[PDB]
Amino acid sequence: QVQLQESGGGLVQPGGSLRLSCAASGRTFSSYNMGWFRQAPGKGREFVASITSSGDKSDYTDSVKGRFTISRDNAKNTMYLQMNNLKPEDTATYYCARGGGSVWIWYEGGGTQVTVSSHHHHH
């Protein structure tokens with residue numbers, strides 16, 4: 001079974017940054033379009049960003065355009081999501097998926113949790 005394992009989630013204040021990673025098994029990682037998706041409280045899974053096999057083209061959902069950057073390192077079988085200027089509405093579990101013929105396939109991986117919260121400062 002193919003593994004698309006997510007990491008990098010955590011808790012940040014609004015305006016903070018997090019970098020997520022999606023690490024794939026196998027030897028043909030570079031041949032597929034790849035994408036990030038997220039599931040916010042009470043909602044379904046929704047598109048965040050996608051990138052072509054070669055990395056030459058990317059697409060973003062409107063609400064993250066300009067703040068998030070998708071990238072990949074094919075030599076390391078890894079895709080990244082650099083999330084800057086984070087907002088509470090970005091709180092969700094984030095999942096990566098591999099693109100096929102008109103479908104995004106999840107494969108194995110439990111997602112990574114991202115919490116963006118304006119809370120009291122503890123210092």
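Structure shown above.
Residues numbered from 1 in each chain as written, not as in the entry; some residues may be left out. Heavy atoms only, no water. Residues with missing side-chain atoms left out of burial classes, pairs and counts.

A few points about the packing of aromatic side chains
Link 1 in the chain: Counting across every chain of the model gives four aromatic pairs.
Link 2 in the chain: Between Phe37 and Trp106, the aromatic rings sit 5.3 Å apart at their centres with planes inclined by 90°, giving edge-to-face as the arrangement. Pair noted here: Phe37 is in strand β4 (residues 34-39) and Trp106 is in the loop between β10 (104-105) and β11 (112-116), with a separation of 69 residues, a long-range link.
Link 3 in the chain: Given the relative accessible area of 7%, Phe37 is considered buried.
Link 4 in the chain: For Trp106, a relative accessible area of 33% corresponds to the partly exposed category.
Link 5 in the chain: Each member of the aromatic cluster is reached from another via a ring pair, and the members are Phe37, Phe47, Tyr95, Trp104 and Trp106.
Link 6 in the chain: Positioned above the aromatic ring of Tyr95, the side-chain terminus of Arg45 is 3.7 Å from the ring centre.
Link 7 in the chain: Here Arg98 stacks its cationic end above the ring of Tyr32, 3.9 Å away from the centre of that ring. (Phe/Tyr/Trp six-rings, centres within 6.5 Å; stacked < 30°, edge-to-face > 60°. Helix = DSSP H or I, 4+ residues; strand = E, 2+ residues; numbered from the N terminus. Buried < 20%, exposed > 50% of the residue type's maximum accessible area, 1.4 Å probe, protein only. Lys NZ or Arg CZ within 6 Å of the ring centre and 35° of its normal.)

Some remarks on the nonpolar core
Note that soluble globular proteins tend to have their nonpolar side chains buried in a common cluster.
Link 1 in the chain: Grouped together as the largest cluster of nonpolar side chains are 25 residues, with contacts concentrated most on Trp36, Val48, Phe68, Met79, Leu81, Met83 and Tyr94.
Link 2 in the chain: For this core, the elements supplying multiple residues, two or more each, are β3 (18-24), β4, β5 (45-51), β7 (68-73), β8 (78-83), β9 (92-99) and β11.
Link 3 in the chain: Among the elements that make up this core, the one with the highest residue count is β3 (four residues).
Link 4 in the chain: Every residue in contact with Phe68, bar those within four places of it in the chain, is listed here: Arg38, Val48, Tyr60, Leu81, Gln82, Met83, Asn84, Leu86, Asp90 and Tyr94. (Core = buried A, V, L, I, M, F, W, Y, C linked by side-chain atoms within 4.5 Å. Contact = heavy atoms within 4.5 Å.)

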